[PDB]
RNA sequence: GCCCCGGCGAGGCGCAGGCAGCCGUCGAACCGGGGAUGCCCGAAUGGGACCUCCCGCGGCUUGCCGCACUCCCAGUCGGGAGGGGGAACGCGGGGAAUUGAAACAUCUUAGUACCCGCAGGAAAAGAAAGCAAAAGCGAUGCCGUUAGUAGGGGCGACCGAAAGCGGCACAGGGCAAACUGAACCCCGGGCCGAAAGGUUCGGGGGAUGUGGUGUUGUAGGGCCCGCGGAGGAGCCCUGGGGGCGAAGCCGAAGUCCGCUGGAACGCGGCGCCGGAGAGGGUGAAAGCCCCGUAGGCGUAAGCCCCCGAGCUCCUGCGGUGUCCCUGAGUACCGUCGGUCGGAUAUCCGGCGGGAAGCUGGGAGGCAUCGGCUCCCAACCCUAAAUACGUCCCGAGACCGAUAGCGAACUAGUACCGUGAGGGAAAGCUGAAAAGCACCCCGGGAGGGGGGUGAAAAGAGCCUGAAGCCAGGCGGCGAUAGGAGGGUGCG
RNA sequence: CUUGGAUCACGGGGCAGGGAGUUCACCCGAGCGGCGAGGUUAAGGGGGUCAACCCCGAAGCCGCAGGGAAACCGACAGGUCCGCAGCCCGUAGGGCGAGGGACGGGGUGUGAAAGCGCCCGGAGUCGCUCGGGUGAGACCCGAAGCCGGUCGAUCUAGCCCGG
RNA sequence: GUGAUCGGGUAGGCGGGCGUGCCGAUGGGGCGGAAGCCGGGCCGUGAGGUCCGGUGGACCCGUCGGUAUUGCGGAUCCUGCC
């Protein structure tokens, strides 16, 4: 996407009122070296069914799996990453995919494969 | 260069800003009228100023002739002819033909040669008009004039 | 604000002669303990360098890398409402490269923080005296000095 | 209004040097020239070659606390010292067999200022 | 909210964080392009409106078409135009007063505010019956100067140009008449052609002149004569190539080791890229985590250029003349009103008079005579350079919620007035709701204990000041006289 | 404010935030700076790393000659004196002496003319800042009123129609 | 060094300094706790500056030069609160 503006307010406004076909890109995450030297790609947009390693936060180290993506808030959910309520019931803790590394890809769709052979 | 401070900045705290009593900086009565009002034609507030500083401002003296009729000549003095002797010689005006030296009347294109100034060298000058003093000083320097 | 040509040019010349002095350059804030000459004249082969790595190495061998590093380190986040309007990261000044003809040295050195590249037929007072403080660290070329021998200004 | 002084560090240095040189040698001409250089700018001296030639004589030494301008003709040879010169004045003085120099060099070539003439 | 073609590639159901559920991998939402449906009023239009709802006439098979007013072409059928809207900019008309002159009447304010009408994406002007002066220029329009000048004015206050010089941008064509005389235009249907274009039938007009020629100045054109016979510059797309052109795509390099901390974007150490150290986000201050950036690719329909493509509509050069033509209530003169710097010398209009017309006619700052110089009115079209910004991109020594637009927010909203019209207030939990499980008292709102959290920051939510109020502590305190203070000793 | 305020003269319940010599165009002066008998560019043009930067562009304005209503005419780059600073001789004083002051000579208008007025022995222009004057709302608030175009007779005045 | 021959001040004129917001440069600080708020210590004729403790939870100051919607007790001032 063309974003050529040295005005913070225009930047932030774009980020807030961006259309939905461009939010997946902003939701990109990095890959592991073991997948980079295999596919030749440094980042990809995130997708449910992918396995994840948390590289930042209180759940630093945890390995998990993606079960929910929310574009309107720019967040994701990872099984294994939850806190308890005062009741005692467990609820997910929402993460940003800048703090997350992909360690196993879900490839049962031709369009992801086309993405890869585009950027390799 | 020298950038000095404005004085409203010091008058902040003066209560009048240099104007006197609290009643002196109101309007047009404070000035005696908007503009050059009261100059002596119909009223006489500033008639004193008029007769001290601006006399000959009220009335009519003379006529003007039209611009289609006015032609203003160009004038050079012998001072200039002497102090510009090398440029006019380097380019144009002077023609060193058949002896002596010759000065021509078309530097700017001129009509009158006036007499202010001494002259050192001796030339032969050709111009429309030349003045008696100029003629005398040229003759003395040892040159001659030949009217066109 | 209007200014006259002749005053402008006299000021430009004074700024040149200032940058040619060692104590003014050291007082302005530049690291000069390794620099070799001050004024630093160098061949015209520097016009065709178009890679920031190569320029990094050349500056290390001359002695200006430490001034580039000072520039990078004294870059700071500004105080005020300018941060709303953008205009944060008050950036520091490094050295000038003065060049007769550009043949790649702009692409080559344009990213290094604080550095500027300029030709001699386009020389101004703000490249040489930022903030009204003369003594910027300047690297000239033979072509530039021989073009100044003509211009004188 | 507050009469500041000259803004040229070199003028100021010269003024101090002159006052101290007068103290050293035991004379007055240098202190006099100092207070004439320290006089307001809308008043500083402007002298012409007509004037120099009128009131000078072959071999004389002249000091102008200001600017010398080219308007007139110099018939004989002179040594003129001044702060500023014009191109035409240099030309005309060099021609005729003269010197156009500075007050620093005058104080070098003559500390006591014997025979010098002030033209303001 | 329904359909189709493309892009993106997995989630989605507006501001708006809910319950329950549906759509999507046969390619969605979203983005670009194109289509469908589209209640009533409204120019509002078949006819009517004290309530944005009612009442009808023909013709064809409940369903449909048609029927306002004023006009053009036709004419018994039909085919077409106008009407209303639009911030500022634009053309044409009508036209004040406050105020200033230290009162005021001529002047000024001012050809202003406001009113009436007419157009567009630009409008208006525009091709010398001109400017000038012994020399010369060559349509209009805009900038800078000329210049507060010439010049107007109770000659007061005040008002106020042009030519020229320097530049932007450049471009010229057509009628009327003379001379010919239907050799001409349009509509509808039919046959060729890919089309641009060409050929037949029936109607409308045109001898009160359709078509051709012709267009200007020390003259030009026609008729007559001779000689010569480069309208060939342009229209179209069955064709063959190119460039520009949507949504979009690719895009380098650390999440390395220790400490603080709820969390590194910090502090120490060791590295890497760079045509990329612009800007923003992410649990604190990040060139190397993500978007991007420097720099490269990609695009439909449509617009253009080279060629090939077939296709049009009248004619030059020179001579010679007792032949002809060249715009009328017009030029001009007097008078009245208005307007202008226009002064005995600006422009517009009314009234009364009024020409010549190529052996001719006009201008040259009072009128007239002569001389010289410049030009040919009373019919038409015309790009470029210019003005604006109800909009877009992009920027900022601008403001930062009593500021900045009146409106950072469900704002020209709520609300006020019969009405024309007037007009507010109101931003911020936290990294994550983890938005307080459970127990005791209370009719209940709620209080007290316990819990979450790095911190109650507890939605009556960042920080949380003063004035004000209650309580606790300290000092004084029911025989006492000054604007509530100063100096000194307790 | 006032000659005059503790006043039986005006303003004055408390706190917090807002709140009054600005901008243009011309003119008079100064504090600095550049060039200098010359000074200075405007619109605009070209180049660039593209609102910063660099080069060209003197059209015009001021100045170098003034007098006079106009026609028109058209001047001292120093002849004398007194003399501050500073220099020379010295021992108090005396000599030259720029800038400064006073005479003399000249141009022109007016006049038969003499004499009088203005003028002539080379310094101005271009910028930044500041003080001020004049005009524009012109440091901030306050009128009664004058003019223009639209709205209203559900109040009240009058008239008609039907009750 | 001199001042027996300086030391009150309305209108008014002149000189130097304190403080507030933004720019171009230079030098620094900050989650081991920035700005702001409360109470106190020291310097300063003074306008005001700086430190200690507490509260608070992300930005801020100095010197040089420039710029400005640049300083309040009052207007029968405006807004909000008491």
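Just so you know, all these numbers are worked out from the coordinates, no wet-lab data involved. Here the Cβ is made from the backbone with ideal geometry for all residues, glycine too, and neighbour counts use every protein chain on show.
Between 0 and 90 degrees, the angle of helix B:132-141 with respect to the longest Cα principal axis of chain B falls at about 50 degrees. The calculated Kirkwood hydrodynamic radius for the protein assembly as shown is 34.6 Å, given to one decimal from all distinct C-alpha pairs.
Please compute the contact order of chain A in relative form: average sequence separation of alpha-carbon pairs under 8 Å and at least six residues apart, divided by the residue count, as a percent. The partial results should precede the final answer.
On the way: 177 pairs, mean separation 30.3, N = 120.
Normalised by residue count, the contact order of chain A is 25 percent.
Post the alpha-carbon centroid distance, segment D:61-116 to segment C:101-153, in whole angstrom. Between the Cα centres of segment D:61-116 and segment C:101-153 lies a distance of 39 Å.
For the protein assembly as shown, the 222 nm mean residue ellipticity estimated from helices alone, with every DSSP H stretch of n ≥ 4 adding -39500 (n - 2.57) and the total spread over all residues, rounds to -8500 deg cm²/dmol. Only alpha carbons enter this Debye calculation for chain C, each as an equal point scatterer, and the log10 of I(q)/I(0) it gives at q = 0.09 Å⁻¹ is -0.30.
In which sequence would B:19, C:140 go, from the one with the fewest C-beta neighbours within 10 Å to the one with the most?
Values: B:19 11, C:140 21.
Going from sparsest to densest Cβ surroundings: B:19, C:140.
Counting alpha carbon pairs within less than 8 Å and at least 6 residues apart, what relative contact order, in whole percent, applies to segment B:19-67?
Details: 20 pairs, mean separation 8.2, N = 49.
Reported as a whole number, the value is 17 percent.
Shown for C:98, B:75: other C-beta atoms within 10 Å of each C-beta, ranked fewest to most, produce the order B:75, C:98. Go ahead and set up a Gaussian network model of chain C, Cα springs under 10 Å, then flag whichever of C:45, C:67, C:121 fluctuates most. Taking springs between Cα atoms under 10 Å, the residue moving most is C:45.
Translational diffusion coefficient, Stokes-Einstein: compute it for segment C:1-71 using the Kirkwood radius over C-alpha pairs as Rh, at 4 °C and 1.567 mPa s, and state it as an integer in µm² s⁻¹. Present the calculation step by step, with values, prior to reporting the outcome.
Details: Rh = 14.4 Å.
Rounded to a whole number, D works out at 90 µm²/s.
One way to sum up the overall shape of segment B:48-148 is the equivalent ellipsoid from its Cα gyration tensor, whose semi-axes run 40, 16, 13 Å, largest first. Our summary gives chain B a relative contact order of 14 percent, counting only alpha carbon pairs under 8 angstrom and 6 or more residues apart. Pairwise alpha-carbon distances in segment A:1-104 exceed 23 Å for 37% of all pairs. Each Cα pair of chain D feeds into the Kirkwood radius, which the Stokes-Einstein equation turns, at 4 °C and 1.567 mPa s, into a diffusion coefficient of 88 µm²/s.
Taking max minus min of the alpha-carbon positions on each principal axis, segment C:66-139 gives extents of 41, 25, 25 Å, largest first.
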